[PDB]
Amino acid sequence: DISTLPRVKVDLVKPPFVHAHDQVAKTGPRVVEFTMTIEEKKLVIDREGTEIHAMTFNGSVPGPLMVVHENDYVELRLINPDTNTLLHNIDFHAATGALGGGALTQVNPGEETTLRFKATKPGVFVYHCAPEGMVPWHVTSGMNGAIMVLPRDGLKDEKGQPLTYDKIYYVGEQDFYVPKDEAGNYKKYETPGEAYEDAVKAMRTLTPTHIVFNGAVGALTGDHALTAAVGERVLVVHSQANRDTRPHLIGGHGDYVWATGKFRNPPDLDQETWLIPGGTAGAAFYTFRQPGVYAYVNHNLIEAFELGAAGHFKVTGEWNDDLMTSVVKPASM
Amino acid sequence: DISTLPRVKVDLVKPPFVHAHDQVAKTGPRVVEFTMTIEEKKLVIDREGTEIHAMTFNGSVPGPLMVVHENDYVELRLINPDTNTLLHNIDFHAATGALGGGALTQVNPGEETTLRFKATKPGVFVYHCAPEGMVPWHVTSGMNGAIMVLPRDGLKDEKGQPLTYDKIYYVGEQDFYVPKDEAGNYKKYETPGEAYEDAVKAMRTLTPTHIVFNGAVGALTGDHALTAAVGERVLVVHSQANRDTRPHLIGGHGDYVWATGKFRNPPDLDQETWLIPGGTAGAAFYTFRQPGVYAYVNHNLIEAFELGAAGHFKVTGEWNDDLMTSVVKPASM
Amino acid sequence: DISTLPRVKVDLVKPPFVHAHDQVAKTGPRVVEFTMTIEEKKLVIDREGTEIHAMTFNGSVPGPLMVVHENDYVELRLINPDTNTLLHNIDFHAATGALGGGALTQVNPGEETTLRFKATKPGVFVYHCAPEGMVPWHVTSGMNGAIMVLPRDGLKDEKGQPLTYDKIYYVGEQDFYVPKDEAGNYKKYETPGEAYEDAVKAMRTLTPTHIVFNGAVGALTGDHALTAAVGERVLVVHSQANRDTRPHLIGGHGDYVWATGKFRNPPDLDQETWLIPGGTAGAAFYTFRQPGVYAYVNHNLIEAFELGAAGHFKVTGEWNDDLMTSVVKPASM
Ligand SMILES: O=N[O-]
Ligand SMILES: O=N[O-]
Ligand SMILES: O=N[O-]
Ligand SMILES: [Cu+2]
Ligand SMILES: [Cu+2]
Ligand SMILES: [Cu+2]
Ligand SMILES: [Cu+2]
Ligand SMILES: [Cu+2]
Ligand SMILES: [Cu+2]
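Procedures and definitions
Residues numbered from 1 in each chain as written, not as in the entry; some residues may be left out. Chains lettered and ligands numbered in written order. Heavy atoms only, no water. UniProt positions renumbered as here; feature names shortened; annotations may be inferred. Helix = DSSP H or I, 4+ residues; strand = E, 2+ residues; numbered from the N terminus. Rg over C-alpha atoms; globule rule 2.2 N^0.38 Å. Buried < 20%, exposed > 50% of the residue type's maximum accessible area, 1.4 Å probe, protein only. Contact = heavy atoms within 4.5 Å. Areas by Shrake-Rupley, 256 points an atom, 1.4 Å probe, with all protein chains shown as cover. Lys, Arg positive; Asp, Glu negative; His and termini not counted. Charge placed at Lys NZ, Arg CZ, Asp CG, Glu CD. Pairing = 2+ DSSP bridges. Patch = residues over 30% accessible without salt bridge, like charges linked within 9 Å, V, L, I, M, F, W, Y side chains within 5 Å. Salt bridge = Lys/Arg side-chain N within 4 Å of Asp/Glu carboxyl O. Expected span 1.5 Å × (residues − 1). Donors = N, O, S within 2.8 Å, 3.2 Å for Na, K, Ca; no water. Polar contact = N/O pair within 3.5 Å; in protein donor to acceptor, adjacent residues only side chain to side chain. Tetrahedral: all angles 85-135°; square planar, octahedral: opposite > 155°, others 65-115°. Buried area = accessible area lost by both parts, 1.4 Å probe. Arc of directions from axis to C-beta. Nonpolar A, V, L, I, M, F, W, Y, C, P; charged D, E, K, R; others polar. Least-squares fit on C-alpha atoms. Axes fitted to C-alpha atoms, helices over the stretch in contact; angles between N-to-C directions.

The deposited coordinates, according to the entry record, derive from X-ray crystallography at 2.2 Å resolution.

As recorded in the PDB entry, chain A goes by the name NITRITE REDUCTASE, listed as coming from Achromobacter cycloclastes. For this structure, the PDB header gives the title as "THE STRUCTURE OF CU-NITRITE REDUCTASE FROM ACHROMOBACTER CYCLOCLASTES AT FIVE PH VALUES, WITH NITRITE BOUND AND WITH TYPE II CU DEPLETED". Its UniProt record gives chain A a comment under Subcellular location, which states: "Periplasm".

A.B. asks: Explain the overall build of chain A here, please?
C.D. replies: Secondary structure assignment for chain A yields 3 helices and 22 strands. At 21 Å, chain A has a C-alpha radius of gyration in line with the 20 Å of a compact globule built from 333 residues. Overall, the C-alpha framework of chain A stretches about 65 × 60 × 30 Å when taken along its three principal axes. Here chain A holds 333 residues, and the buried ones make up 65% of them. Intrachain contacts of chain A at a sequence separation of at least 6 include 75% that bridge at least 24 residues. Taken as a whole, chain A presents about 11600 Å² of accessible surface, with 49% of it coming from carbon and sulfur. Within chain A, one finds 29 positive and 41 negative side-chain charges whose respective centroids are separated by 4 Å.

A.B. asks: For this particular structure, what's the right way to read the pairing of strand β13 (residues 210-213) of chain B?
C.D. replies: Every regular strand shows the same layout, with side chains that alternate between the two sheet faces. Residues and elements named next belong to chain B. Of the two faces of β13, the one lined by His 210 and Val 212 and the one lined by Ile 211 and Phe 213 are each fully buried. Sheet analysis places strand β12 (residues 167-176) next to β13, joined by 4 bridges and oriented antiparallel. Pairing of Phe 176 across the sheet is with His 210, part of β13.

A.B. asks: I tried to follow a nonpolar patch on the surface on my own but got confused; where do I start?
C.D. replies: Judged by side-chain polarity, A:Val327, A:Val328 and A:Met333 come together as a nonpolar surface patch covering roughly 260 Å² of accessible area. If you trace the backbone, A:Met333 turns up in the segment after β22 (324-332).

A.B. asks: Where do I start with helix α2 (residues 192-203) of chain C in this structure?
C.D. replies: With 12 residues, α2(C) extends 15 Å between its outermost C-alpha atoms, agreeing within 8% with the 16 Å of an ideal straight helix rising 1.5 Å per residue. Of the surrounding elements, those touching the buried residues of α2(C) are α3 (301-305) of chain B together with β2 (31-44), β3 (51-57) and α1 (135-139) of chain C.

A.B. asks: Sorry, what's going on with the coordination of the copper ion (ligand 9) here?
C.D. replies: For a metal with four donors in a tetrahedral arrangement, the ideal angle between donors is 109.5 degrees, while six donors in an octahedron ideally sit at 90 or 180 degrees. Distances from the copper ion (ligand 9) to its protein donors, B:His299 (NE2), C:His93 (NE2) and C:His128 (NE2), fall at 2.1 to 2.2 Å. Note on B:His299: relative accessible area 1%, which makes it buried. Since its relative accessible area comes to 2%, C:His93 is described here as buried.

A.B. asks: I'm lost on the sheet that holds strand β6 (residues 91-92) of chain B in this one. Help?
C.D. replies: Each strand in a sheet pairs with its neighbour through backbone hydrogen bonds, running either in the same direction (parallel) or in the opposite one (antiparallel). Residue and element names in this part refer to chain B. Sheet architecture is open: 4 strands sit in the order β4-β9-β8-β6, paired in mixed fashion. Single-partner strands in this sheet number two, and they are β4 (65-69) and β6. Alignment of β4 against strand β9 (residues 144-150), held across 5 bridges, turns out to be parallel. Paired with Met 66 across the strands is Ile 147, a residue of β9.

A.B. asks: How should I be thinking about the environment of B:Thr209 in this particular structure?
C.D. replies: Residue and element names in this part refer to chain B. Take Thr 209: it is sitting in the loop between α2 (192-203) and β13. Owing to a relative accessible area of 11%, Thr 209 belongs among the buried residues under this scheme. Residues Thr 209 and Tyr 177, 32 residues apart in the sequence, show an inter-C-alpha distance of 5.1 Å. Here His 210 takes part through its side chain, which lies 2.8 Å from a polar atom of the side chain of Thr 209.

A.B. asks: Looking at this model, I keep getting lost on the coordination of the copper ion (ligand 7). Mind explaining?
C.D. replies: Around the copper ion (ligand 7), the protein contributes the donor atoms A:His299 (NE2), B:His93 (NE2) and B:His128 (NE2), which lie 2.1 to 2.2 Å from the metal centre. Around the copper ion (ligand 7), the 6 donor atoms sit at angles spanning 37 to 166 degrees, and that spread fits a shape best called irregular. Of the two residues, A:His299 sits in the loop between β20 (292-298) and α3 (301-305) while B:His93 sits in the loop between β6 and β7 (111-118), which places them in two different chains.

A.B. asks: Looking at this structure, I do not really get the interface of chain B and chain A. What am I missing?
C.D. replies: How big an interface is tends to be reported as the loss of accessible area on association of its parts. With 55 residues of chain B at the contact, the number on the chain A side is 44 residues. Summed over both sides, the interface between chain B and chain A buries roughly 4100 Å², with carbon and sulfur atoms accounting for 55% of that surface. On the chain B side of the contact with chain A, B:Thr96, B:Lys121 and B:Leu206 bury the most area, a combined 16% of that side's loss. Summed over the shared surface of chain B and chain A, the result is 7 salt bridges. A salt bridge links B:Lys262 to A:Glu272; the shortest N-O distance between them is 2.8 Å. Linking chain B with chain A are 27 residue pairs in polar contact, by the criterion used here. Counting only elements with at least two residues in the side of chain B that touches chain A, the list comes to β5 (73-80), β7, β8 (123-128), α1 (135-139), α2 and β19 (280-287) of chain B.

A.B. asks: Looking at this structure, I do not really get α2(B). What am I missing?
C.D. replies: Because each turn of an α-helix spans 3.6 residues, side chains separated by three or four positions end up pointing in the same direction. Residue and element names in this part refer to chain B. Looking at α2, one finds that the buried residues are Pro 192, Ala 195, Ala 199, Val 200, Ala 202 and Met 203. With its buried residues spanning 155 degrees around the axis, α2 presents them on a single face. Structural note: α2 exposes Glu 197 and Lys 201 on the side pointing more than 90 degrees away from its buried face.

A.B. asks: Honestly, the interface of chain A and chain C in this entry has me stumped. Any pointers?
C.D. replies: Contact with chain A, which involves 55 residues of that partner, is made by 44 residues of chain C. The contact between chain A and chain C buries some 4100 Å² in all, and 55% of this surface belongs to carbon and sulfur atoms. Interface area lost by chain A to chain C is led by A:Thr96, A:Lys121 and A:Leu206, which between them contribute 16%. Across the chain A-chain C interface, the total number found is 7 salt bridges. For A:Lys118, the salt bridge identified is with C:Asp322, shortest N-O distance 3.5 Å. Counting across the interface, chain A meets chain C through 27 residue pairs in polar contact. Taken together, the elements giving at least two residues each to the side of chain A that touches chain C come down to β5 (73-80), β7 (111-118), β8 (123-128), α1 (135-139), α2 (192-203) and β19 (280-287) of chain A. Per-element accounting of the side of chain A that touches chain C gives the leading share, 8 residues, to β7(A). Per-class residue counts for the side of chain A that touches chain C are 25 nonpolar, 19 polar and 11 charged.

A.B. asks: Any chance you could explain the UniProt feature "binding site: Cu cation 2" in chain A here in plain terms?
C.D. replies: In the numbering adopted here, UniProt assigns the feature "binding site: Cu cation 2" to A:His93, A:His128 and A:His299. These annotated residues cover 207 residues of sequence, and their C-alpha atoms reach 25.5 Å apart at the extreme, placing them across more than a single site. Relative to the elements of secondary structure, A:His128 occurs in strand β8. A:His128 gets classed as buried once you look at its relative accessible area, which sits at 2%. Those residues within four positions of A:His128 in sequence are excluded, and the remaining contacts are A:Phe57, A:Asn89, A:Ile90, A:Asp91, A:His93, A:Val139, A:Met143, A:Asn144, C:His299 and C:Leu301. Not counting residues within four places of it along the chain, the set of residues in contact with A:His299 comprises A:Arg246, A:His248, A:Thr273, B:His93, B:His128, B:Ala241, B:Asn242, B:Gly278 and B:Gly279.

A.B. asks: What is the right way to read the UniProt feature "binding site: Cu cation 1" in chain A from this model?
C.D. replies: Residue and element names in this part refer to chain A. UniProt's entry tags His 88, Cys 129, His 138 and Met 143 with the feature "binding site: Cu cation 1", counted in the numbering of this structure. A maximum C-alpha distance of 9.4 Å places the annotated residues, which cover 56 residues in sequence, within one compact spot. Mapped onto the elements of the fold, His 88 is located in the loop between β5 and β6 (91-92). Classification of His 88 by relative accessible area gives buried; the value is 0%. Discounting residues that sit within four places of it in the chain, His 88 has contacts with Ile 38, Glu 40, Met 55, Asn 80, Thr 105, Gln 106, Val 107, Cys 129, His 138 and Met 143. Following the sequence through the fold, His 138 ends up in helix α1. Non-local contacts of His 138, meaning those with residues more than four positions away in its chain, are made with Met 55, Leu 86, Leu 87, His 88, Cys 129, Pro 131 and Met 143.

A.B. asks: Explain the relation of the copies chain B and chain A here, please?
C.D. replies: The operation relating the pair of chain copies consists of a rotation about an axis and a translation along that axis. With an RMSD of 0.0 Å, the operation that places chain B on chain A is a rotation of 120 degrees combined with a shift of 0.0 Å along the axis. The symmetry that links the two subunits is that of a three-fold axis. Of the interface residues in chain B, just 2% have counterparts in chain A that sit at the interface too, so the contact is made through distinct surfaces.

A.B. asks: Quick question: what am I supposed to make of the sheet that holds strand β18 (residues 268-271) of chain B here?
C.D. replies: Residue and element names in this part refer to chain B. Read across the open sheet, the 6 strands follow the order β13-β12-β15-β19-β17-β18; overall the sheet is mixed. Both edges of this open sheet fall to β13 and β18, since each of them pairs with a single strand only. Neighbour to neighbour, the strand axes of the sheet diverge by 25 degrees on average, direction disregarded. Direction of pairing for strand β15 (residues 233-240) relative to β19: antiparallel, over a ladder of 8 bridges. Counted as the bridge partner of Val 237 is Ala 283 from β19.

What follows is the structure, given as structure tokens:
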């Protein structure tokens with residue numbers, strides 16, 4: 001049966017960008033092949049130079065977004081090079097059995113493996129490393145990403161009518177727990193292993209020291225802001241592998257939102273803010289109607305503005321005064 | 001086009017009360033005019049006299065509830081008197097563009113401005129102050145409220161049938177982060193500015209010192225309890241601009257609930273408790289069936305009973321033994 | 001009217017098991033009689049011997065699951081033996097009036113009472129002790145459980161078609177706040193009363209020291225894992241009386257999920273993880289398709305793996321390679 005299926009190899013792209021794919025499937029079920037390389041690396045997460053030993057899928061935090069269609073087979077080649085120091089694996093929330101694949105993918109530095117699973121349910125799902133006994137430690141070190149399983153006929157609105165996006169972005173939100181000295185200064189370590197004992201005590205406080213988009217404070221800002229034009233339909237996938245978040249587009253809305261990200265359910269309309277539970281990926285669809293800068297944030301504003309959970313959208317186009325206008329500009333009175 | 005529209009000025013009322021309005025629109029689209037005055041003031045929040053420098057819209061925490069209909073134009077005159085010390089603005093989650101209006105409404109002490117926006121989506125939304133760089137500080141100092149955009153044909157149930165409330169109340173929930181000394185005593189400051197540096201360090205712990213309804217511990221109790229009679233249909237709007245809450249009416253239910261508050265979606269039925277994400281306003285509709293006192297609470301009971309997130313309903317009427325009865329009153333055995 | 005109704009006494013079973021009942025009602029409305037005995041007892045909650053003074057309904061944490069049908073009358077005899085030291089009561093979220101029954105059920109050591117209420121709404125609900133002034137203290141000491149009110153025609157899917165489970169399990173999740181000394185060691189007390197003053201200060205930090213299933217770290221593991229076979233339809237009821245949780249079955253899904261647990265609403269499909277708000281009971285229905293061990297967890301992985309919110313499912317049957325297979329087992333390369 002599988003022997004007879006067509007196969008296509010797909011090369012992944014770095015978040016927030018997403019690899020080329022078709023929304024509506026033009027071919028029948030296939031075996032979609034991906035290759036990921038694990039990379040343990042030092043990463044600077046804020047403006048003051050705080051450094052951590054990130055554990056990554058393909059060198060990025062979050063790991064890249066994989067896109068397939070319902071009933072396709074995902075075939076993953078996972079490589080853990082001998083330059084790493086720890087055992088890693090991968091658990092797909094999109095998959096059925098063997099702890100999401102985690103029990104079949106344990107690779108020590110110098111090993112590789114290939115797992116295949118059938119994508120039987122449509123929706124956006126989280127995938128993350130989950131080694132027996134060090135689970136929260138690898139996840140909160142940035143070792144998580146997401147896979148999107150599209151219905152073969154693409155997205156549909158509350159009424160069964162087609163929804164087609166023009167642009168798609170992947171925002172992976174990460175909660176970090178950096179150990180601190182008595183005064184509150186962040187600690188630095190030589191290897192991932194040296195940090196372990198302190199990492200555990202920092203996580204048990206349940207209070208993140210940083211909560212960021214795309215791996216660092218300000219990663220999605222300035223020259224890195226997400227871009228769009230008035231009139232474009234944008235799909236924004238957002239994942240949080242460990243902790244709850246409440247995304248919100250300032251100056252905009254979630255016209256159609258699957259907060260818990262499963263496409264067999266109808267979307268919620270006109271959301272101001274939506275809750276994505278820790279361990280879940282969600283998707284929001286919006287059509288831009290006004291140009292300018294928009295801030296995309298986790299709506300606990302302390303987590304957004306003090307901790308790092310803020311990004312930008314820079315949108316081009318003509319201003320519409322019907323929707324909004326300054327009748328009297330700020331003046332003395 | 002707007003030139004030709006009828007206009008009506010509306011005078012706001014203090015929470016938990018709501019200004020007079022029609023559920024079902026009897027007129028066509030209009031320009032609804034509101035005036036809000038910013039007031040920075042000291043506020044005592046608990047029984048022991050803890051004081052803070054509240055930043056308010058119209059002198060209350062939360063700011064008043066505005067009520068309009070879908071496709072009406074909201075025209076707001078915002079005044080920041082010279083007696084204030086800080087720059088303020090306003091971002092409406094109900095609006096499209098310019099950061100919810102925040103980028104068009106920056107007023108220093110002594111200034112005013114008038115913003116107009118079209119209410120294109122029906123639902124209850126949060127509005128809050130959002131000055132560049134001091135966002136969480138103004139919000140958690142009480143500078144937030146809500147606007148309700150009613151469908152022109154009013155509320156409907158899961159089946160499209162009309163829902164008409166007899167009473168409506170606005171409960172604004174506020175998380176406060178009061179700085180503390182080494183022993184745990186709350187600090188006091190001369191001006192809002194003196195508190196700033198400590199405010200920031202208190203917010204980063206992410207642990208509120210108080211979580212209250214209508215600005216203070218016990219504000220909605222005793223002589224201030226919300227009132228109703230058996231048989232009345234009550235709509236309770238609840239907002240949390242920064243943090244998640246889970247409202248619950250003890251001894252009652254949410255017969256129809258829009259947890260994320262957007263009226264184009266059908267309501268959830270028979271809720272015991274519902275989650276309102278930080279940065280969102282929700283609405284619950286209930287018909288009283290038994291008389292007595294009811295406690296309306298945030299269902300994390302520590303936040304409710306230790307931190308201040310508890311209010312009361314005092315309901316008049318006849319007891320129904322079919323629904324409930326004490327078969328054997330507490331006695332020795 | 002009630003005089004004329006048939007009556008049936010039901011003997012409760014210890015969680016995670018559930019007493020015998022019919023899914024589809026074969027009789028007309030009845031008066032279902034239950035007896036619960038309060039028991040204050042010392043309980044060891046972790047591997048290192050941490051002990052607490054648990055306050056329980058029937059000797060277990062959580063209290064047992066009660067199962068009735070919509071429009072049946074629940075008649076509860078509640079006994080607080082003279083061996084206890086504190087006043088207790090019971091508030092049913094399933095009931096209408098008198099604070100869920102809390103104001104009608106106050107019993108001091110040596111007393112008993114019998115409350116009757118009509119189960120007018122279908123769904124899974126929480127019940128918990130709620131004495132005026134010590135509410136969070138009795139709840140977080142383990143004094144809560146759940147009642148399931150089944151529609152008279154049983155469960156239905158998103159389309160109105162019947163859903164029949166083969167097995168049902170009750171998982172009660174508990175957040176504990178154990179007082180600590182200066183170094184971080186947990187304190188021990190002689191009586192519940194001696195712990196009170198410190199209990200309050202520990203709860204106000206809002207940071208649980210333990211979060212467990214069925215009363216202890218590892219209670220649902222090893223020889224205590226939940227069991228099933230490939231092909232069985234399992235209903236898992238989960239409750240959290242005080243704090244939010246996000247259940248997730250590793251290697252599986254929630255095929256039909258009522259996150260806020262009210263059966264008049266259609267279920268959400270294909271959930272990876274779902275949010276159950278503090279003060280609520282939810283239910284997830286799943287059909288096992290692969291054999292092996294599954295971990296059932298609260299998906300904030302720090303709360304799961306460091307704090308105790310993890311249990312197991314041991315499923316028998318044949319492996320299906322179509323759904324998943326190890327193409328290349330971990331090897332050197
Ligand atoms: O929409 N300003 O958080
Ligand atoms: O319903 N007592 O939290
Ligand atoms: O599905 N491993 O949390
Ligand atoms: Cu890893
Ligand atoms: Cu997981
Ligand atoms: Cu302000
Ligand atoms: Cu906002
Ligand atoms: Cu009790
Ligand atoms: Cu309760």
